[PDB]
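Only one structure is covered here, and it is reproduced in the block below.
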Amino acid sequence: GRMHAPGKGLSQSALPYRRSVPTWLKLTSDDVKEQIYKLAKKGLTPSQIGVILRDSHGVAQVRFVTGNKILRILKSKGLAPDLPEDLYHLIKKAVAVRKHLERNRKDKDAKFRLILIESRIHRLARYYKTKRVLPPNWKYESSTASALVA
Amino acid sequence: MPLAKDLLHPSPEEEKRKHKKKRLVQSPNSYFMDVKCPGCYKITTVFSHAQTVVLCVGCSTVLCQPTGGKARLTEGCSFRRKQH
Amino acid sequence: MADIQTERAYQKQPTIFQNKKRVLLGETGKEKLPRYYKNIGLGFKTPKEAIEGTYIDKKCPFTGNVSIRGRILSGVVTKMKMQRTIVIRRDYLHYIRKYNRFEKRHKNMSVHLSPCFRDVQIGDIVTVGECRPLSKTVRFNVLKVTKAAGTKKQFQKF
Amino acid sequence: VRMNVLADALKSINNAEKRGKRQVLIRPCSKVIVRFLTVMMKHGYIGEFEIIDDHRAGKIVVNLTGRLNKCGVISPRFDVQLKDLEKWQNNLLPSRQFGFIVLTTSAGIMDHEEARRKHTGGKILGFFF
Amino acid sequence: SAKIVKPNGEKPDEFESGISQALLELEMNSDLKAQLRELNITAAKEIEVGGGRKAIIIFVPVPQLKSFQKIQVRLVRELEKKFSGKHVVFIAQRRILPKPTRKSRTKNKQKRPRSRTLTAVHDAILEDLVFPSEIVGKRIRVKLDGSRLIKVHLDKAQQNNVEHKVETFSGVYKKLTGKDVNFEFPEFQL
RNA sequence: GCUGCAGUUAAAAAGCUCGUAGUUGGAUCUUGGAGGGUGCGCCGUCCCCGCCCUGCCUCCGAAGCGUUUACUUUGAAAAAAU
C-alpha cells in the first residue's frame with residue numbers, strides 16, 4: 001500500500017450500491033452535460049468539475065446521471081488536453097521542485113524527492129504510451145518539461 | 001471471536017460502527033441535504049462533506065465552509081436530508 | 001516503384017520473352033513486359049502486389065525461382081535494416097524438469113522479404129516458409145504478413 | 001499485492017476451522033473460488049456457502065462443519081500428465097483411499113477421481129482432506 | 001390490430017390482440033394518451049403462478065423502455081384492473097451473444113458488448129422483473145444438493161406495488177433462466 | 001535440500017531507497033432411464049455414457065478453415081542390443 005513511501009493508509013470513496021437513483025434527483029443528462037462543458041470551458045479539470053458539481057449542485061457521480069465519465073464527456077465535446085491531468089500535475093510538481101532545487105543546491109531531501117516524483121512520472125508515461133494516449137516516443141525531459149506544463 | 005456470529009446477517013448497529021470499507025457489503029456513510037436561508041425561498045441540495053464553498057442560487061451568501069470532514073453549515077440554516 | 005533495373009545488369013525474369021514488334025498504338029504494345037507468377041501453395045494467397053508489380057526479385061516466392069518446402073514458421077519482426085531481408089525473433093519455451101519450470105528462450109531467424117510485401121515494419125508478426133539456401137544465413141522467405149494495427153498501443157487506420 | 005485470490009480464500013478457511021469457527025467471510029471470490037468451494041461441498045468438507053454481491057468482486061460466506069483437516073492450494077498451477085496425477089495424490093494426500101487432489105482441466109475444474117473417470121488431465125489447483 | 005403493435009417479426013395474436021386493444025381503450029383519454037401512443041410492444045407471453053393465477057409478461061424493444069419506465073406504475077395499474085386475474089409486467093427483449101470458442105469457429109466476429117452477455121442480460125431480467133424499488137443487494141446460496149439459490153434484496157419504499165407479486169417474479173424468472181430466485185427486505189443505515 | 005534447507009542469537013537479510021532487465025500480476029463475458037466392463041447366489045452391487053428430473057458459413061460429402069497460442073488429450077512417426 002502506497003508506492004513511494006511506507007504509508008499504509010486505507011482511505012477512499014466508498015461508492016454506493018444502489019444501482020439507480022438518486023430519485024430525489026430530477027434534472028437531466030442534458031443539464032449536467034451542459035454544466036460540465038461550460039465548466040471545462042472555464043479551464044476546470046475533470047477532478048475539479050466532479051468536485052464542484054458534487055458539492056454545489058446535485059451530482060453524486062456524473063457517471064450515473066449520464067452513462068459517461070467526465071473525461072470522456074470532455075474528449076467528445078473536444079475539450080481533452082494534450083496530456084492526461086494526473087501526468088500534468090506530476091510534471092508540474094516536478095517542475096516546482098526542480099525550480100526550488102536550482103535555488104537551493106544544498107537541500108538533499110529535495111533531490112531525493114525530485115527523483116521519486118520523476119520515477120513516478122516516467123512509469124506513468126510508460127503506461128499511457130503503452131496505451132496510445134501518448135505518442136510512442138513520448139518522454140518527459142527537465143529541459144522541455146518546464147516549457148510543457150505552462 | 002467466540003465461534004458465534006452470523007457473518008451473513010450481522011447486526012445493523014455493529015455494521016453501522018464499522019469502517020465504510022469494512023462493511024459486510026460496502027457502502028458509504030455520507031448523505032445529501034436541502035438547505036434554506038429565509039431571504040430566498042428555493043432550496044439548494046448540498047453534500048454532507050463538501051470542500052467547495054457552497055453558495056446559493058442567487059445571493060452571494062455562504063452555505064457552509066469545508067473541513068477535515070462534514071461541511072460546517074452556516075449559522076441560521078435548516079436542513080431536511082433526504083431521499084431513499 | 002523507383003526504377004528497378006537500377007543495377008548494371010538488366011533485371012529480367014528468365015525465359016519470359018518478349019517480342020515487342022511494329023504497327024500502331026501501345027506502341028509496340030501497352031504492357032511491354034510479360035510477367036510470370038505462381039502461387040506458393042499451402043493456401044498462401046499470392047498478393048496482388050506480386051502480379052501487379054514491376055520488381056524482379058528472383059528470391060520472391062511468387063515471382064521468383066524458389067520453392068517453399070519444409071517448416072512453416074511464424075515470428076515477430078525485430079529488424080528491417082537490410083534490403084530485401086528481415087530478421088525475426090522466435091520465442092519458445094524451454095522445459096526444465098530436473099526441477100520444472102522452463103524459461104523463455106528465443107532465436108533470431110534471417111528471412112528474405114519480397115518487395116511484394118510492404119509495410120514490413122518491426123513489430124509485425126509474420127509467417128515465413130522454409131526454402132532452399134538463399135544466402136549463407138537465409139533459410140526462409142516471408143509468405144504472409146500477419147499485421148495488426150492492433151496491439152492498439154497507437155491507432156492504426158483503414 | 002495480489003497474485004492469486006484462491007490462496008487467500010483457502011487459508012482463511014483453514015484458520016477458521018483451526019480456531020473452531022463455523023463460518024467465514026472470504027473476499028474477494030471468483031469463478032475459480034466458487035468452483036473449488038463447490039467441489040469441496042459436493043464431498044462434505046464444507047456446508048453451504050453464499051456469494052454476497054458487493055458492487056465489486058464479491059464476498060462469500062462459508063458455513064463449515066468440521067470434517068476438514070486441510071484444504072491447500074498448489075502454486076504455481078503445474079501441468080500434470082495423467083501419470084503425474086498418481087504422483088501428486090501420493091505426495092500430498094493422507095491415504096490412498098481418500099482426500100482429493102483438485103485440478104483444472106480443459107473439461108472442467110474437478111477432483112482427481114472425476115478426472116480419472118472422464119480420462120482427461122491438466123493443471124493442478126489444490127487439494128483437501 | 002395485430003399488424004402494428006404485436007409485430008417485431010411476427011404478427012400474432014390472441015392475447016397480444018387483447019392487450020393491444022386494452023392499450024387502445026386506455027388511449028381514449030387525455031395525457032393518458034399521446035404519451036403512451038409512441039410506446040410499442042414486440043410480444044406477450046403468459047406463464048402462471050402455482051395455485052393458478054397466471055402472470056402476463058410483455059416484451060419491449062429496449063430503446064423504448066425509458067418511456068415505459070415513464071409510465072409503468074399507472075399503466076400496470078390499468079392493465080391489472082382491466083385484465084385482472086393476472087400479474088402484468090414489463091421485460092425488455094435483450095439480445096445475448098454467445099461466448100466464442102475457439103473453434104466456435106471464430107472469424108473474429110465483432111467483439112460483442114458486455115451489454116450483450118448472458119449473465120448481464122439475466123441481471124437485467126432481475127432488474128426488470130421488480131420495478132421502482134431497486135435491488136439493494138444480492139447473495140447466492142449453495143445448497144447441499146449442488147443447487148444454487150439467488151437471494152435478491154429489495155429496497156423498502158413503494159415496494160407495495162410488487163409485494164403481492166413476488167411469487168410470480170420467482171416463477172417468471174425460472175421460465176426464462178431456469179434459476180431459482182428469492183426475495184428479502186433490509187435495514188436502514190444509521 | 002524441485003519434491004524437500006537454513007539465515008533474531010548457531011555459518012548466513014546489502015545502511016537505505018529509487019530502478020531497467022527478469023520474474024510476478026484483481027474481479028468480470030455458455031446456462032431416475034437404460035448401453036458397456038467383474039463380483040457375489042433369474043436377481044442385483046460398483047465405474048462409464050447421450051439425458052432429463054454448444055463450430056459458424058459456404059449451400060451427406062465437399063468445401064470455405066480456422067483468432068492466435070501454450071496446455072492437455074487421442075493417434076501416427078517412433079533402430080536393434082539394452
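Scheme for the C-alpha cells: letters A, B, ... for chains in order shown; per-chain residue numbers from 1; ligand numbers from 1 in order shown.
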Do me a favour and pick out the residues of chain A within 9 Å of chain F, using only C-alpha atoms (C1' of nucleotides), as a list in words. residues 4, 112, 115, 116 and 119 of chain A
Determine which residues of chain C sit within 9 Å of chain F, taking into account only C-alpha atoms (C1' of nucleotides), and present them as an mmCIF file with N, CA, C and O atoms, in the first residue's frame.
data_model
loop_
_atom_site.group_PDB
_atom_site.id
_atom_site.type_symbol
_atom_site.label_atom_id
_atom_site.label_comp_id
_atom_site.auth_asym_id
_atom_site.auth_seq_id
_atom_site.Cartn_x
_atom_site.Cartn_y
_atom_site.Cartn_z
ATOM 1 N N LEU C 93 9.447 -21.997 -25.545
ATOM 2 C CA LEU C 93 9.537 -22.325 -24.150
ATOM 3 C C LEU C 93 10.441 -23.509 -23.979
ATOM 4 O O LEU C 93 10.300 -24.526 -24.656
ATOM 5 N N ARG C 97 12.780 -30.000 -16.389
ATOM 6 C CA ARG C 97 12.330 -30.866 -15.329
ATOM 7 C C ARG C 97 13.206 -30.817 -14.089
ATOM 8 O O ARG C 97 12.701 -30.840 -12.967
ATOM 9 N N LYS C 98 14.521 -30.806 -14.246
ATOM 10 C CA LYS C 98 15.374 -31.548 -13.349
ATOM 11 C C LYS C 98 14.730 -31.057 -12.091
ATOM 12 O O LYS C 98 14.667 -31.725 -11.059
ATOM 13 N N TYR C 99 14.238 -29.849 -12.237
ATOM 14 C CA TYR C 99 13.168 -29.241 -11.434
ATOM 15 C C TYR C 99 12.372 -28.446 -12.470
ATOM 16 O O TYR C 99 12.965 -28.008 -13.458
ATOM 17 N N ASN C 100 11.056 -28.279 -12.322
ATOM 18 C CA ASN C 100 10.295 -27.979 -13.518
ATOM 19 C C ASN C 100 9.596 -26.682 -13.664
ATOM 20 O O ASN C 100 8.598 -26.386 -13.083
#
Pick out each residue of chain B that DSSP on the backbone tags as strand (DSSP E); I need them as a PyMOL selection string. chain B and resi 32-35+44-47
Using only C-alpha atoms, please write the residues we just selected to a file, as an mmCIF file, in the first residue's frame.
data_model
loop_
_atom_site.group_PDB
_atom_site.id
_atom_site.type_symbol
_atom_site.label_atom_id
_atom_site.label_comp_id
_atom_site.auth_asym_id
_atom_site.auth_seq_id
_atom_site.Cartn_x
_atom_site.Cartn_y
_atom_site.Cartn_z
ATOM 1 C CA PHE B 32 -27.215 14.856 0.961
ATOM 2 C CA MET B 33 -29.465 17.705 2.273
ATOM 3 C CA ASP B 34 -31.710 20.590 1.106
ATOM 4 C CA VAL B 35 -30.718 23.935 2.572
ATOM 5 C CA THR B 44 -30.032 24.077 -2.803
ATOM 6 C CA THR B 45 -29.021 20.439 -2.469
ATOM 7 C CA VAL B 46 -25.703 20.008 -0.647
ATOM 8 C CA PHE B 47 -23.271 17.176 0.074
#
Got a sec: who's within 12 Å of residue D:127, counting only C-alpha atoms (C1' of nucleotides), leaving out chain neighbours fewer than 5 positions off, as a ChimeraX atom specification? /D:6-7,10,36-37,39-40,45,68-75,88-94,98-104,109-112
Could the residues in this selection be saved with C-alpha atoms as a short mmCIF file (atom, residue, chain, number, x, y, z; two decimals), in the first residue's frame?
data_model
loop_
_atom_site.label_atom_id
_atom_site.label_comp_id
_atom_site.auth_asym_id
_atom_site.auth_seq_id
_atom_site.Cartn_x
_atom_site.Cartn_y
_atom_site.Cartn_z
CA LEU D 6 -7.83 -18.62 -4.20
CA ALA D 7 -4.91 -18.99 -1.86
CA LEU D 10 -8.41 -21.39 1.25
CA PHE D 36 -13.36 -25.09 -5.73
CA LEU D 37 -15.77 -24.33 -2.87
CA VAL D 39 -16.06 -29.45 -5.26
CA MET D 40 -15.39 -29.29 -1.52
CA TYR D 45 -15.81 -30.87 3.63
CA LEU D 68 -11.83 -30.57 7.27
CA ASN D 69 -8.25 -31.25 8.35
CA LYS D 70 -6.81 -29.24 5.49
CA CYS D 71 -7.62 -27.56 2.17
CA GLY D 72 -4.45 -26.37 0.41
CA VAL D 73 -3.66 -24.55 -2.84
CA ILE D 74 -0.81 -25.53 -5.17
CA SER D 75 1.13 -22.66 -6.72
CA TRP D 88 0.65 -35.78 -6.87
CA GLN D 89 -2.05 -37.57 -4.82
CA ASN D 90 0.70 -39.62 -3.13
CA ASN D 91 2.80 -36.55 -2.42
CA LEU D 92 0.01 -34.67 -0.72
CA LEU D 93 -2.89 -36.98 0.37
CA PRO D 94 -3.27 -38.79 3.76
CA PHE D 98 -9.44 -40.55 0.44
CA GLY D 99 -8.77 -36.90 0.16
CA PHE D 100 -8.84 -35.33 -3.21
CA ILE D 101 -6.43 -33.50 -5.44
CA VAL D 102 -8.48 -30.95 -7.30
CA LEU D 103 -7.17 -29.74 -10.63
CA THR D 104 -8.38 -27.65 -13.64
CA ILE D 109 -12.43 -27.81 -12.52
CA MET D 110 -12.55 -31.28 -10.93
CA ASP D 111 -11.35 -33.58 -8.15
CA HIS D 112 -8.89 -36.10 -9.49
#
Quick one: everything within 7 Å of residue B:8, counting only C-alpha atoms (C1' of nucleotides), minus sequence neighbours fewer than 2 positions away in the same chain. Send it as a PyMOL selection string. (chain B and resi 6+10) or (chain D and resi 61)
Using only C-alpha atoms, determine which residues of chain D fall within 8 Å of chain E; present them as a PDB file with N, CA and C atoms, in the first residue's frame.
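The result, stored in iface-v8.pdb:
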ATOM      1  N   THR D  38     -17.297 -25.387  -4.380  1.00  0.00           N
ATOM      2  CA  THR D  38     -18.265 -26.371  -4.876  1.00  0.00           C
ATOM      3  C   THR D  38     -17.772 -27.819  -4.841  1.00  0.00           C
ATOM      4  N   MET D  41     -17.789 -28.902  -1.402  1.00  0.00           N
ATOM      5  CA  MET D  41     -19.167 -29.036  -0.935  1.00  0.00           C
ATOM      6  C   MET D  41     -19.746 -30.365  -1.324  1.00  0.00           C
ATOM      7  N   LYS D  42     -19.505 -30.767  -2.555  1.00  0.00           N
ATOM      8  CA  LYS D  42     -20.110 -31.978  -3.042  1.00  0.00           C
ATOM      9  C   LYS D  42     -19.683 -33.091  -2.103  1.00  0.00           C
ATOM     10  N   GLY D  47     -20.168 -26.999   4.483  1.00  0.00           N
ATOM     11  CA  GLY D  47     -21.618 -26.925   4.459  1.00  0.00           C
ATOM     12  C   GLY D  47     -22.086 -26.117   3.276  1.00  0.00           C
ATOM     13  N   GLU D  48     -23.022 -25.201   3.491  1.00  0.00           N
ATOM     14  CA  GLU D  48     -23.439 -24.355   2.383  1.00  0.00           C
ATOM     15  C   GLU D  48     -22.740 -23.028   2.442  1.00  0.00           C
ATOM     16  N   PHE D  49     -22.528 -22.454   1.262  1.00  0.00           N
ATOM     17  CA  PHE D  49     -21.911 -21.137   1.148  1.00  0.00           C
ATOM     18  C   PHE D  49     -22.773 -20.134   0.398  1.00  0.00           C
ATOM     19  N   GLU D  50     -22.427 -18.858   0.506  1.00  0.00           N
ATOM     20  CA  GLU D  50     -23.274 -17.825  -0.062  1.00  0.00           C
ATOM     21  C   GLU D  50     -22.454 -16.686  -0.631  1.00  0.00           C
ATOM     22  N   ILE D  51     -22.679 -16.386  -1.909  1.00  0.00           N
ATOM     23  CA  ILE D  51     -21.968 -15.298  -2.537  1.00  0.00           C
ATOM     24  C   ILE D  51     -22.781 -14.031  -2.339  1.00  0.00           C
ATOM     25  N   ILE D  52     -22.261 -13.121  -1.523  1.00  0.00           N
ATOM     26  CA  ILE D  52     -22.861 -11.804  -1.389  1.00  0.00           C
ATOM     27  C   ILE D  52     -22.307 -10.854  -2.472  1.00  0.00           C
ATOM     28  N   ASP D  53     -23.154  -9.988  -3.008  1.00  0.00           N
ATOM     29  CA  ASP D  53     -22.806  -9.197  -4.179  1.00  0.00           C
ATOM     30  C   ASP D  53     -22.550  -7.762  -3.760  1.00  0.00           C
ATOM     31  N   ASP D  54     -21.307  -7.429  -3.411  1.00  0.00           N
ATOM     32  CA  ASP D  54     -20.925  -6.016  -3.347  1.00  0.00           C
ATOM     33  C   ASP D  54     -20.766  -5.659  -4.800  1.00  0.00           C
TER      34      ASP D  54
END
Using the chain letters and numbers from this document, which residues of chain A does DSSP assign to alpha helix (DSSP H), as a ChimeraX atom specification? /A:29-41,46-56,62-65,70-77,85-103,108-130,142-149
Which chain A residues have any atom within 12 Å of an atom of chain D, and for each, what is the nearest pair of atoms with distance in Å to one decimal, counting only C-alpha atoms, rows sorted by chain and number, as CSV?
residue,atom,partner,partner_atom,distance
A:1,CA,D:1,CA,8.0
A:2,CA,D:1,CA,10.7
A:3,CA,D:1,CA,11.2
A:14,CA,D:55,CA,10.9
A:15,CA,D:55,CA,8.8
A:16,CA,D:55,CA,8.2
A:17,CA,D:55,CA,5.9
A:18,CA,D:55,CA,8.9
A:19,CA,D:55,CA,8.8
Residue neighbourhood residue D:3, 12 Å, only C-alpha atoms (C1' of nucleotides), exclusion window fewer than 6 positions, as a list in words: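 Neighbouring residues, sequence-local ones excluded: residues 75 and 76 of chain D; 24, 25 and 26 of chain F.
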